[PDB]
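A.B. asks: experimental coordinates follow, after the sequence.
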Amino acid sequence: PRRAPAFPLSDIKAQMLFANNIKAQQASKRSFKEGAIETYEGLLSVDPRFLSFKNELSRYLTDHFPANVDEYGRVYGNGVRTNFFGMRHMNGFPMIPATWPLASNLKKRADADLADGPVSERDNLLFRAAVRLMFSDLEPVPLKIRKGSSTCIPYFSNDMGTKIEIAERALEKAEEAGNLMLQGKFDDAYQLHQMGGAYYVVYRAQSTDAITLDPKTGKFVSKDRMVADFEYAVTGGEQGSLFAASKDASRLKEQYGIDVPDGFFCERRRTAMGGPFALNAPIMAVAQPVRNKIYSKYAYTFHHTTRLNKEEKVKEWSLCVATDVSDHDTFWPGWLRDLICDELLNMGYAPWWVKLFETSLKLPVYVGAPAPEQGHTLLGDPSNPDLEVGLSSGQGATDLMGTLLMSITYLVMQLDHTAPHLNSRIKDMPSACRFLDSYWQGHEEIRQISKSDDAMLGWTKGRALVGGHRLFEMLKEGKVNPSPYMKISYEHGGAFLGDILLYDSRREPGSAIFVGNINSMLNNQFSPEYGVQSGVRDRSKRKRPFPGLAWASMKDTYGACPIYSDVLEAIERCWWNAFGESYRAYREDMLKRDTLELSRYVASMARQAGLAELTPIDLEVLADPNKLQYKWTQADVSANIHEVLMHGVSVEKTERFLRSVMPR
Ligand SMILES: [Mg+2]
């Protein structure tokens, strides 16, 4: 059922993805790379004292603070959901091999018994109403670009000036490029305007992953992560194999001379993709206004800031169901891309723009280096984009694509299992739009708070409440999938956007509180995804610009965890044992140094201004801007801080572009 074409790097089709410059050529050829990360300035992730610390701390905390999660996956008591062994990884050393990305998810979806389109006309109206509400009366804003981000295919530039020029040129030529694609001239659109080509596959670390201690043997066991070989990926699973990657770290002693303590493993590696910037720029120019609309008009469902902001909504509910989605991005349906595109056309969106958007979700993928002596292969033909990878992580609107799919999926689940009395309100497009507009503002007896694959579903008092409890029971039993669209289950230890919903003895939302996840504090402080990048002089371009700043926001972020004080004391005691130093004093020094360094980047900040005007969100984001790509948005960050991390194309150029895309 159609194998995807594959081209080696030597092939002209793969060569055309890389411009005639050192950076692009190095990206094409980059071999498998691994090595210890610089966790903090002058500290490697594999430092024997650091690993000794992780061994003592993970064992102590698991022993003294076992998980408090009930039969229904509700967190209570200590606010702990699993053991603390997740920190036991040799950061910077990946599992081998990493997965080859699936070229087609059609078989994957069919085999999981998931629908190949909207099941009913009601569902079709609801998905289409989501498009109408999300993409209608948008306001133009500057096109914001992350500083130090790559333009990927074909230039691989990290220079802001070059990136601004590429983005402005893309907005000027998007119409001509989209019209060429409408004629089936994909090679012309790419050759002339760099719109097309492929996604560039980067493998990112998921620094912490499940590890258990087998009581029978006293040996640690790492969670098996299934990977697809090349044959499996190209055939959509028809041929080839799906097998457990090797997380065994014993190899590091032989290969690198690194002492590996017992129960330490190689990190989970996830596929991530970088989009061709010229194609993403016209998409981002529409995506940002869409986010501004949904986070303002539909703030109830979509705009999530603090633990208290989430708590205020959830406390009003009689039932709160914390859902889990299996492998969201790989299962994301291509029929939804086509439905969205068809609906945008119906709304009066420029057909050339819709074509660029459609093409961004069918694009070939260039596989770099999943393992030593593997990769350097283009999957799919750029002359006719026809892949079904699901949702590409570097597509200009991935957050919105996952949010659109999931918000409707959850609403459909509430309608099907709890609220058949609301079906009469969804008769046609105008009534579907009115209903959805009301539901998204939190005006119905059925409610939700969601972001991509994370959500909490709510029921107030009323007719749907009894159904709500049956649905929760069906999820606990876990024998029947409640959705025809995605694989849905309940979360083992219900949390929403990093905050754990801590229930008391009553196990009711009205007396439950949102608290910071103490395990995430440990993940962020002792298992960062990236090194400090001490060699990158411009800190705003680093993956972790100001790591020291996270110490200042720690009490605000995690202070509400029942075991906060206990964890900090355990850290202090273990760090003294391992380094013969005070961890608290070490972090206070790093905080001071990073605070001083920050003023160099903020125009409004004098030589030694201090953190006085900054919010806890500002500080968490400056230590980890990745939180701005999954947890928060632009409006949540102080304006002067957002400027440290992002730069924009003028609203004059985007305003003109937006006028040409949008209906009449
Ligand atoms: Mg969740």
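C.D. replies: Great, that's in hand. Numbering: from 1, shown residues only.
A.B. asks: any idea how far residue 416 lies from the ion?
C.D. replies: Here residue 416 is placed at a distance of 21 Å from the ion (C-beta to the ion, to the nearest Å). All C-beta spots, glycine's among them, are computed from the backbone N, C-alpha and C.
A.B. asks: which residue, other than its chain neighbours, is closest to that residue?
C.D. replies: Closest residue to residue 416 apart from its sequence neighbours, by C-beta to C-beta, 6 or more residues apart in numbering: residue 482 at 7.4 Å.
A.B. asks: which residues touch that neighbour?
C.D. replies: Shown in contact with residue 482 (C-beta atoms under 8 Å, 6 or more residues apart in numbering): 413, 416, 417, 471, 474, 475, 488.
A.B. asks: residues of the chain that sit close to the ion?
C.D. replies: Along the chain, the residues adjacent to the ion under the rule C-beta under 5 Å from the ion are 454, 491, 495.
A.B. asks: list the beta-bridge partners for the last one.
C.D. replies: Just to be clear, that refers to residue 495. Beta bridges link residue 495 to residue 500, judged by DSSP bridges.
A.B. asks: from what I see, it and residue 517 are in contact.
C.D. replies: Yes. Between residue 495 and residue 517 a contact is recorded at 6.3 Å, counting by C-beta atoms under 8 Å.
A.B. asks: which strand or helix spans the residue nearest to residue 416?
C.D. replies: Taking DSSP states H and E as the definition, residue 482 sits outside all helices and strands.
A.B. asks: what distance do you get for it to residue 217?
C.D. replies: Separation of residue 482 from residue 217 (C-beta to C-beta, to the nearest Å) stands at 38 Å.
A.B. asks: could the contacts of residue 482 go into a markdown table alongside neighbour count?
C.D. replies: Putting the contacts of residue 482 into a markdown table (neighbours: other C-beta atoms under 10 Å) gives the following:
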| residue | neighbour count |
| --- | --- |
| 413 | 24 |
| 416 | 19 |
| 417 | 18 |
| 471 | 23 |
| 474 | 15 |
| 475 | 24 |
| 488 | 19 |
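A.B. asks: run through who's touching the one helix or strand residue 254 maps to.
C.D. replies: Assigning secondary structure by DSSP H and E places residue 254 in helix 251-256. Contact partners of helix 251-256, identified using C-beta under 8 Å, 6+ apart, comprise 46, 90, 93, 258, 259, 260.
A.B. asks: and if we set it to 10 Å?
C.D. replies: 34, 35, 36, 46, 90, 93, 96, 258, 259, 260, 264, 266 (C-beta atoms under 10 Å, 6 or more residues apart in numbering).
A.B. asks: which non-adjacent residue is nearest residue 650?
C.D. replies: residue 142 (6.3 Å).
A.B. asks: who are the contact partners of that neighbour?
C.D. replies: Here residue 142 is in contact with 285, 288, 646, 647, 648, 649, 650, 651, 652, 653, 654, 655 (C-beta under 10 Å, 6+ apart).
A.B. asks: can I get those residues in TSV including neighbour count and distance to residue 225?
C.D. replies: Output for the contacts of residue 142, formatted as TSV (neighbours: other C-beta atoms under 10 Å; distance: C-beta to C-beta, whole Å):
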residue	neighbour count	distance to residue 225
285	26	36
288	23	34
646	19	33
647	17	36
648	17	38
649	23	39
650	12	44
651	14	44
652	10	47
653	19	44
654	25	41
655	14	46
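A.B. asks: can I get the residues you listed in TSV including distance to residue 521 and secondary structure?
C.D. replies: Output for those, formatted as TSV (distance: C-beta to C-beta, whole Å; DSSP: H, G, I helix; E, B strand; the rest coil):
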residue	distance to residue 521	secondary structure
285	37	helix
288	31	helix
646	26	strand
647	31	strand
648	32	strand
649	37	strand
650	40	coil
651	38	helix
652	43	helix
653	42	helix
654	38	helix
655	42	helix
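A.B. asks: domains for this protein, by residue range?
C.D. replies: Per curated CATH domains, the domain ranges recorded for the chain read 1-30+102-276+333-397, 37-91+518-606, 277-332+398-517, 607-664.
A.B. asks: span of the last one from start to end?
C.D. replies: Going back to what we said before, that points to domain 607-664. 50 Å (C-alpha to C-alpha, to the nearest Å).
A.B. asks: that one: how far from the chain's middle?
C.D. replies: Remark: domain 607-664 is offset 18 Å from the chain centroid, using C-alpha atoms, centre = their mean, to the nearest Å.
A.B. asks: how about the second one?
C.D. replies: For domain 37-91+518-606, the separation from the chain centroid amounts to 21 Å (computed by C-alpha atoms, centre = their mean).
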